[PDB]
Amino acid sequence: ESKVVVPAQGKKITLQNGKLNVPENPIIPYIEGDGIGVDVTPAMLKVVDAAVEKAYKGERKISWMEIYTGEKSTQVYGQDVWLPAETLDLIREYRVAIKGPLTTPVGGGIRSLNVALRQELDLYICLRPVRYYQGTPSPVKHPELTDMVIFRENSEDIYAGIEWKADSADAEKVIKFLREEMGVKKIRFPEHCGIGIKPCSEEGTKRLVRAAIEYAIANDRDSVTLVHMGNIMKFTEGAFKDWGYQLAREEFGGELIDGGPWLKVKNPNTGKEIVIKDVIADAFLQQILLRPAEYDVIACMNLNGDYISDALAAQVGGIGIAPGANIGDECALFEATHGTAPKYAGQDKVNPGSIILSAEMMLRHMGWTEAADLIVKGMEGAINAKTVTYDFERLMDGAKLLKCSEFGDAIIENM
């Protein structure tokens, strides 16, 4: 029987015509998360509650409902229950949910639980905004020049988990097929060879890029850059770029800039000309360091997005405070983006900034922009006040060391 307790006081969020109908007392499911999730989640719940209390003068209140996935799920539901069917059901049912870090066990043949949540709920958009918070210790000279929003495709690519082990009957069957029926000659060593499949479809590309352009319009952003490796992988990465440009022309009236290949899309609300461009992935990894100001909204495939989001997060000193969301047409799951750091679990020491900023993305998604704005204001003030957790403090002079919970308070104090 389920151990999830539906809050007595609280109402389910609904969806109509692609628009969320959020009540003043929405029930929001939440997954504590493994390791440090035990530290960061409580801080997040408190910070969010303070923000909504302050924003709406007590008129609104979230009814938190704990659901399970990861190590805590096995302890709650038993041995092999890492991701209960009900968790997928609950998230879809309640439309909006948030979670702490999740880790996948090894030795049992289980694949990434985070990817499982994304794929099964068809949360095709991995949204990762990366900006700099003044006062954050950064390894680069000008982190303030970074203000990007990453739209990472979440349902395709080699991330789909389609592969076969070297020397397995399956791997041999696939390789035999490729060489004998497809006439593949480029497999250098066909024996003791593992094989992986990289898919990229038009509908997959289009829906991701459509969300990216709509975001640029809704937020009056300057450009959308399609990042890819089309010079090497023409039919997957290259096709992604092609379809992205095509979508811009076919659905957003994209016009040609100069002699190409860049396009301009008129923002139907502000009249601003949004530039649609593209950059090779490896070169992009260099450009984000050398010319970050030239970039804004980014649309890319799964793997590249993973790399880009992490590299960007590192550069602005936000490795531990990078917010993230997994969005689909029916529901959305916000999440801490860092690891579980089991060594510090329960020490009330780690930075709760990632899950908190992911909660602010959640609040904004719910249309509760005022509360979200309060969290941003709180984070900015606390960091600028140099009252921070160890991960920041260690790289600074004259900073006040704060525990995880205390930093949560500092955020509230700066709202």
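Heads up: residue numbers just count along the shown sequence, starting at 1.
- Averaged over Cα atoms, the B-factor as recorded in the entry is higher for 160 to 168 than for the other of 323 to 331 and 160 to 168.
- Relative to its counterpart among 189 to 197 and 204 to 212, 189 to 197 has the higher mean temperature factor, C-alpha atoms as listed in the PDB entry.
- Looking only at 28, 385, 371, 356, the residue with the top Cα B factor in the deposited structure is 385.
- Of the candidates 221, 118, 111, 131, the deposited coordinates give 111 the top C-alpha B factor.
- Remark: residue 229 belongs to the highest third of its chain, ranked by C-alpha B-factor as recorded.
- In this PDB entry, the Cα temperature factor of residue 69 sits in the top third of its chain's modelled residues, the highest group.
- Ranked by Cα temperature factor within the chain, residue 53 sits in the highest third according to the deposited record.
- Among all modelled residues in this chain, the alpha-carbon of residue 107 has a temperature factor (C-alpha) in the middle third.
- In the PDB entry, a CA B factor belonging to the highest third of its chain's modelled residues is recorded for residue 344.
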